[PDB]
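Trainee: Below: one structure in structure tokens.
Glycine also receives a Cβ, built like all others from the backbone with ideal geometry; neighbour counts cover every protein chain displayed. Here, each number is a calculation from the coordinates, and none is a lab measurement.
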Protein chains: 6
Amino acid sequence: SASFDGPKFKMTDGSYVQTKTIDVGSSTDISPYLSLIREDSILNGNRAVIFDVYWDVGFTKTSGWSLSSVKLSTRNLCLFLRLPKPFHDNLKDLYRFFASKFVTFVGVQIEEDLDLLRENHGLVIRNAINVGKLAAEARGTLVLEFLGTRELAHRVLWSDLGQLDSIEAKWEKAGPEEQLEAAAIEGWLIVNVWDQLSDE
Amino acid sequence: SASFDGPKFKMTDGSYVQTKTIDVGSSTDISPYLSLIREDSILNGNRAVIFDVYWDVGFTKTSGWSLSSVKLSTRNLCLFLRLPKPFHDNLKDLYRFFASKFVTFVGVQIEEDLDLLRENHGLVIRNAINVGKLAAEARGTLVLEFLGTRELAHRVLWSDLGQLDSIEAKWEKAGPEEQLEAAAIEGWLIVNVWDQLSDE
Amino acid sequence: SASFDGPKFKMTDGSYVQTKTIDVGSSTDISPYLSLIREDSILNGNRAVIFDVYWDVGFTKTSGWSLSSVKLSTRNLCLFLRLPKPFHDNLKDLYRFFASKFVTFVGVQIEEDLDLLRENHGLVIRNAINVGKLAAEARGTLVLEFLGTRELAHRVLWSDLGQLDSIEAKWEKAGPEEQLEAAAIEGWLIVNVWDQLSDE
Amino acid sequence: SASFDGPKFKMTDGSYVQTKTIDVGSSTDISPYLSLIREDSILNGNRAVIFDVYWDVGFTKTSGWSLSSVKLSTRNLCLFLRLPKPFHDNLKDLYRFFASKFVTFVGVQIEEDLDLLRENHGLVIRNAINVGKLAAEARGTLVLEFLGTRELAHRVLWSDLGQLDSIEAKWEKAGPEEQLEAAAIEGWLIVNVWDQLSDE
Amino acid sequence: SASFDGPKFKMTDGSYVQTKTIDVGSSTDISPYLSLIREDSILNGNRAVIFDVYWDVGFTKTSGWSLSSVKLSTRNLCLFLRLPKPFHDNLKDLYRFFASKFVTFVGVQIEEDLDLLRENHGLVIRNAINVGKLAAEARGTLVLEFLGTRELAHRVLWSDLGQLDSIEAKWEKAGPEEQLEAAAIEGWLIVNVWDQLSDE
Amino acid sequence: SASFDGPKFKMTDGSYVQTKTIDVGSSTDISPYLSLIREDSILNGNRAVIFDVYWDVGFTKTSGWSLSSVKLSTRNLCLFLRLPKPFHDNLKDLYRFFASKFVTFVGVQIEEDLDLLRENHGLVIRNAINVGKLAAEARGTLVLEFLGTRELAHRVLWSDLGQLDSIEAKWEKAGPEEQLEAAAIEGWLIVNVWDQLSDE
């Protein structure tokens, strides 16, 4: 079965985030995990999917960058996909999913990521939003456009970030589970950022 | 006579949308069905045609995307065209239809769609509107620009979408007629979004 | 010699449009008819020439499109030029005419038109306006920028459009004469839209 | 030495304009006349040189257009240069003059012109202004951005244009002297348009 | 036991900036130094890292600019990385650090620098801010966008800059240790600029 | 010694500008003059270096333009550099100087210049401002954006320009010393324009 059976993390408001990490090879089917993210976004998440992307920088000069991980978060769930190089056709499901108009893909500082995706992979996100910009405009606070994930969450929600900070402050030491925890937390924070702004 | 004799769907307001689905070959003549769409738009639909487009992702990096379906909706009708690869001359009628200045082509999150259509197929929509941005500006609510089809309808119309949600929440398991039902509902919803915006 | 001796149409306000349709061969001198359009625009029409362009869609993916005809409308005149493929030298006068700063070329939804003209035919309109945007601004009505010919004329002039609609609603069943009629009427309508806007 | 020894024209305000026309061939020395335009602009014209450019259209699709005339007008003068195809080294002086920051080059509908000039001839105008857009912003009248030479003068200066209209209405029938006259009058008008915007 | 054990400098407010200069070779590990920068920014700097870059100009005409060194500043620390000609794999740490969304990279007059980094090295800073622009907008003082490092510090902070000026005035005769001092001072100045703008 | 021992000009207000003109060959060291310009800017001229550039025009079509003089002005100095074609390596010092963030390079109508420098020479000015746009926005006077050097100074400062006017009106007849004189006066005028705008 497909379930989010990696570690659960408890957020500062007492809620839990269920997690799943997949190493995608040439024949891994991620489609059932993408379906759960989508189903959860529609039933429970007001049709947002919060995301982040990670690159393997390879030695035109940015051509060498290749997408090595994708995080997809909803209120309840965090799916972390580790991707191979190169892609095989099983990754067509990720492309079809990122092109969907069922949900909005919400990210932080994604302007360059979107060009890299399109130019290096032909991956297109039809319904994306770079959320600092919306935050800045909704709040009339110009600097929110220029904040990283933690700091945007801080200036929008003012919640406790002590756990997230202590992991990030020592990132090079942090184990794979603590890195996953930091990713899951940031996903939840941005989920909350978005719920806050889309209702204001 | 050419008619929309496919499944009929009843909208939350009690109206009935008539559908037609066409599998376009090398020979299908789609002319009579585009004429019906055009006629209903002019006579009953205030010269709006609502649309959506569906791509087959093939692997310059976006140049492998190929348009695999097109939806065209008016209040009364929903024409769904499944298209081949490559196109044959009989699809010239569709290029001519989409170039028309008789009606306005209303879409949701179509900015990338327009560029792919243009770059990959030479298909030009001379009179299009990416409807979310007009919504945000008319209603003075920034977030509307960044919403997918369902959620835009929700935030502009505040009508009941339980049926729509239930189908899309289980997309990968929905049969073709349910998926058509969802396409027809979304068509009708954005028709109503447009009618509400053009007039206010 | 030269004159607008084609069909003459009566507009809803009782005025008339004279028309002329020429099949441009390799030999045709179109200068005299261009001269009459320019004369009528300067002496009677406040130096507006209203225009529309009609494409043969052919199979850079848009580089297949070919200018099949041009409509030029003034106060009293509608000239319809049907063009060959490829163009001959005698079409140089149309290039000079369209480049003129004596008059403003007023069109509806011409942004893509102008790109296709320049890219495919090296045809440059130095003094063009895509008139819906001016309408929208001049009048604080956002949707006008995104309307087609008929609906823009409707929303700006509020005049009788029953006859135009009946021809357009069944475009496919319209003879060359009724299609010319619709073109003449739309030309006349957009002359009026322009006269009206240029005073606000 | 060299002087503006062609016809002189009376303007509707009772001033005069002196005129010079030259057909430039490979040995022509135009520098004495540019120095006169420059001197008159600096001492008499508040450092504006009004201009227009004229193209031999030609079979990338616009790369065959070639600059065929240039007009330079000041307070008192109007210099009309007819150019060869191709240019010779003696035209270097025109390139340098057009690059000067001693004066502002004030033009009407020159956006495509500037692109053609750069791309086809490498001619750069470092200090140029497409004056209808400044007219529109300065006056808060949107339409001024979208007007031709005569019409923009009409709508800023509201002066008598019967003479200019009579020539341009019959343009195809006007002799070279009458064409020169219209160029000189339009030069004078945009001079006065400029005076009106700059100290507003 | 990595530590910032190069020269330390006393700022005008009595605080001390500790520095470290690394000559990066084919095998140097810089991750412990970057980690100290990141740790200090998160725990003490509110997630800002101030930066500047230094180019070797070489003789696509800008393709010969080569990145020679980079400075990364927090209030407490200033790291200088002196870069080799062939970057090896050990420099990927730097690419990943500059790509981070944990912190915001704050620079002065960095628009060209970002294009050059991207074009010549494939180095992308996903979360960057050209701080002069924010200061101009924040303070409503237009000229701030167009100031160099010292002058922006002056116009925002009004602190004593005699020591900095004295080194910069004689820049070519200042030895490497004073040039290093000037760089550390400017890093501290801009940290201070940012701390004002980010929550005032 | 490196000193500004060319003609010294007295300005309208009793201040003086010292000049130096250098015919840069393949071997000339210009760095002691650059250091003098930078020192003066830092110590006495509020970190502005006013500049202008002069092109040898060329027969892509603008790729033949070649930089032939550069003028650099400060509070007290005007350096005028005449460059060879092609450059040799001794000009790397000028590329370094122009990339400095110690000062602001203030220019009048330099938008095309910056593009030609980059495209043709790979010369990058990291901290440049096209000052007319700042003047227009600062002063709420639209037309300043479109003025050449003298007229901008006039409209910002309102000082006496008879001497400058007298030389430029007869530019083709002025000796090399009178042309320097004009270049020096223009430098001093924009220095003052900048000091004035810097305070608003």
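Trainee: For region E:141-179, what are the residues that are within 26 Å of E:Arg47 (Cβ to Cβ) and among the small types (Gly, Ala, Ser)?
Mentor: Within region E:141-179, E:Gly148, E:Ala153, E:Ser159 meet the criteria.
Trainee: Now for a separate question. If you scan region B:114-129, which residues turn out to be more than 16 Å from B:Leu91 (Cβ to Cβ) and basic (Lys, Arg)?
Mentor: B:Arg126
Trainee: Any idea which of (1) part of a helix (DSSP H, G or I); (2) closer than 30 Å to A:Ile167 by Cα; (3) out of contact with any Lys or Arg (no Cβ under 9 Å at 6 or more places or on another chain) is the one E:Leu116 doesn't satisfy?
Mentor: (2)
Trainee: Are any of the residues in region D:66-73 more than 14 Å from chain C (Cβ to nearest Cβ), out of contact with any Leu (no Cβ under 6 Å at 6 or more places or on another chain) and more than 17 Å from D:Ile125 (Cβ to Cβ)?
Mentor: Scanning region D:66-73 turns up no residue that is more than 14 Å from chain C (Cβ to nearest Cβ), out of contact with any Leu (no Cβ under 6 Å at 6 or more places or on another chain) and more than 17 Å from D:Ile125 (Cβ to Cβ).
Trainee: Still on this model: I need the full set of residues from region D:174-198 which are surrounded by fewer than 17 Cβ atoms within 10 Å (Cβ to Cβ) and in contact with a helix residue (DSSP H, G or I) (Cβ under 8 Å, 6 or more places away or on another chain), in order please.
Mentor: D:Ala174, D:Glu178, D:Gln179, D:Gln196
Trainee: Would you be able to tell me the number of residues in region F:126-155 that are under 17 Å from D:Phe102 (Cβ atoms), assigned to a helix (DSSP H, G or I), of a type outside the set (D, E, K, R) and more than 10 Å from chain E (Cβ to nearest Cβ)?
Mentor: 8
Trainee: Name the residues in region D:100-125 that are at the interface with chain F (Cβ under 7 Å from one of its Cβ atoms) and of a type outside the set (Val, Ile, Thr), would you?
Mentor: Within region D:100-125, D:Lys101, D:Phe102, D:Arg118, D:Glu119, D:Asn120, D:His121, D:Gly122 qualify.
Trainee: So in region C:158-174, with the set limited to residues that are farther than 20 Å from B:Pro32 by Cα and not in a helix (DSSP H, G or I), which one is nearest to the other protein chains (Cβ to nearest Cβ)?
Mentor: This residue is C:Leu161.
Trainee: Among the residues that make up region C:17-32, is at least one of them over 22 Å from C:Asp89 (Cβ atoms), surrounded by fewer than 20 Cβ atoms within 10 Å (Cβ to Cβ) and not charged (D, E, K, R)?
Mentor: So far as region C:17-32 goes, yes, one or more of its residues are over 22 Å from C:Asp89 (Cβ atoms), surrounded by fewer than 20 Cβ atoms within 10 Å (Cβ to Cβ) and not charged (D, E, K, R).
Trainee: Keeping to region F:115-154, report how many residues are over 19 Å from the mean Cα position of the chain (by Cα) and within 26 Å of E:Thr141 (Cβ to Cβ).
Mentor: Summing the residues that are over 19 Å from the mean Cα position of the chain (by Cα) and within 26 Å of E:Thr141 (Cβ to Cβ) in region F:115-154 gives 8.
Trainee: With respect to B:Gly162, determine if the residue is of a type outside the set (A, V, I, L, M, F, W, C), within 17 Å of B:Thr12 (Cα to Cα) and either surrounded by fewer than 16 Cβ atoms within 10 Å (Cβ to Cβ) or in contact with a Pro (Cβ under 8 Å, 6 or more places away or on another chain) (or both).
Mentor: When the stated conditions are applied, B:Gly162 passes them.
Trainee: For C:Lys92, all conditions in the list (1) under 21 Å from B:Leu197 (Cα atoms); (2) facing another protein chain (nearest Cβ under 9 Å); (3) part of a helix (DSSP H, G or I) hold save one; what is the number of the exception?
Mentor: (1)
Trainee: Report yes if some residue within region A:102-120 is within 22 Å of A:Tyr16 (Cβ to Cβ) and among the hydroxyl-bearing types (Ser, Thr, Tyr); otherwise report no.
Mentor: no
Trainee: Then there's this: (1) in contact with a strand residue (DSSP E or B) (Cβ under 9 Å, 6 or more places away or on another chain); (2) surrounded by fewer than 18 Cβ atoms within 10 Å (Cβ to Cβ): which one isn't true of A:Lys170, the others all being true?
Mentor: (1)
Trainee: Being among the β-branched types (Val, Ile, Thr) and under 13 Å from the mean Cα position of the chain (by Cα) narrows it down to one residue among E:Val108, E:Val103; which is it?
Mentor: Answer to the selection: E:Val108.
Trainee: What are the residues in region D:109-139 that are hydrophobic (A, V, I, L, M, F, W, C) and within 18 Å of D:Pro86 (Cα to Cα), if any?
Mentor: Within region D:109-139, D:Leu116, D:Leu117, D:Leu123, D:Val124 meet the criteria.
Trainee: Going by the conditions given, is E:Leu36 in contact with a helix residue (DSSP H, G or I) (Cβ under 7 Å, 6 or more places away or on another chain) and crowded, with 18+ Cβ neighbours inside 10 Å?
Mentor: Answer is no for this residue.
Trainee: Here is a follow-up. May I ask you to say which residue of A:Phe51, A:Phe87, A:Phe97, A:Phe59 is crowded, with 18+ Cβ neighbours inside 10 Å, aromatic (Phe, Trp, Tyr) and away from chain B (no Cβ under 12 Å)?
Mentor: A:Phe51
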